[PDB]
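Enquirer: these chains are from a complex, not moved at all, and more is on the way:
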Amino acid sequence: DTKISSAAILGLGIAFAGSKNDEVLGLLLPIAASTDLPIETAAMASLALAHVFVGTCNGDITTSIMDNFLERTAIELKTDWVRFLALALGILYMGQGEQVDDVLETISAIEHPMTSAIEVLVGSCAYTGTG
């Protein structure tokens, strides 16, 4: 009873792991926030990327993801979603990554619609500083 959608992102998921070049991202990232594609496939694709670049890291990725947090209407699904989304925007930085500083700076700055909860979340837990 597997869906065809999941079967898709799945296959590709194993593809990237077969080539960590700058092309995959040069096409994926952009599509993650091109025109105005449904926040459905877009979100799912967001987890596939992070899962791959789990080891690597980049700010640009946070640039597009940020713009999304804004236009975020949540008018679609309103049940269990902040968790996952929060994870990425969070785990994305386990430690040693000033990038987090530049983030909270933008998030909060850009008014305060519905990102406070996430602001305090990533705010407290961040630079683990593993001695």
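Expert: All right, it came through fine. Numbering: from 1, shown residues only, chains lettered A, B, ... in the order given.
Enquirer: Tell me how far the closest residue to residue A:99 other than its chain neighbours lies from residue A:51.
Expert: Spatial nearest neighbour of residue A:99, chain neighbours left out: residue A:59 (5.4 Å); criterion: CB to CB, 6 or more residues apart in numbering. The way it works is simple: take the backbone N, C-alpha and C, and place the C-beta from them, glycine included. From residue A:59 over to residue A:51 the distance is 19 Å, taken as CB to CB, to the nearest Å.
Enquirer: Please apply the same query to residue A:105.
Expert: Going from residue A:105 to residue A:51 by CB to CB gives 27 Å.
Enquirer: Tell me which residue of chain A is furthest from the middle?
Expert: The centre of chain A is farthest from one residue, residue A:1, which by CA atoms, centre = their mean lies 28.2 Å away.
Enquirer: quick one: contacts for that one?
Expert: Residues near residue A:1 by CB atoms under 8 Å, 6 or more residues apart in numbering: none.
Enquirer: Please name the nearest non-neighbouring residue to residue A:67.
Expert: Sequence neighbours aside, residue A:33 is the residue nearest to residue A:67 in space, at 6.1 Å (criterion: CB to CB, 6+ apart).
Enquirer: actually residue A:76, sorry about that
Expert: Counting by CB to CB, 6+ apart, residue A:76 lies nearest to residue A:39, which is 6.3 Å off, once chain neighbours are set aside.
Enquirer: Count the residues that sit near that neighbour.
Expert: The number of residues packed near residue A:39 is 18, by other CB atoms under 10 Å.
Enquirer: throw chain B onto that model:
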Amino acid sequence: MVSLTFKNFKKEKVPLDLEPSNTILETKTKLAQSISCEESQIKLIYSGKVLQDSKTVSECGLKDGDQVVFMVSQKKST
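Expert: Let me add chain B to what's already shown:
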């Protein structure tokens, strides 16, 4: 002859020269003609306070040789 620095998100500085009169419209235009990105997506912020195209530099609260916060978007915007 005030020269400020516009930082994006990668912690990069983009020096720019303006005047008490010059407004965000122009700073946005230049900052866009410097990096090669349209100002229709750019977000000219100021100390975590997204400025406004309706505010000049004097109103922005900037001074001689300061720092401005900004960011670029991906939406081409119609």
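Enquirer: Re-run the earlier check on the nearest residue to residue A:67 with chain B in the model.
Expert: Distances taken as CB to CB, 6 or more residues apart in numbering or on different chains place residue B:73 nearest to residue A:67, at 5.1 Å, with adjacent residues excluded.
Enquirer: Pull up the residues of chain A that are close to chain B.
Expert: Contact residues, chain A versus chain B (CB under 8 Å from any CB of the partner chain): A:30, A:33-34, A:59-60, A:62-64, A:66-67, A:98-99, A:102, A:105-106, A:108-111.
Enquirer: which residues sit in contact with the spatially closest residue to residue B:69 that is not a sequence neighbour?
Expert: Leaving aside its sequence neighbours, residue B:69 sits nearest to residue B:45 (CB to CB, 6+ apart; 4.0 Å). Residues near residue B:45 by CB atoms under 8 Å, 6 or more residues apart in numbering or on different chains: A:106, A:109-110, B:51, B:68-71.
Enquirer: on that earlier part again, and the buried ones among the residues of chain A next to chain B, selectable in PyMOL?
Expert: Buried subset of those, written as a PyMOL selection, criterion 16 or more other CB atoms under 10 Å in any protein chain shown:
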select buried, chain A and resi 33+59+62+63+64+66+67+99+102+105+106+109+110
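Enquirer: Residue A:14: how many residues sit nearby?
Expert: 9 (other CB atoms under 10 Å in any protein chain shown).
Enquirer: Am I right that it falls within a helix?
Expert: Yes - according to DSSP: H, G, I helix; E, B strand; the rest coil, the state of residue A:14 is that of a helix.
Enquirer: Give me the three-state assignment for residue B:3.
Expert: Look at residue B:3: counting by three-state DSSP, its state is strand.
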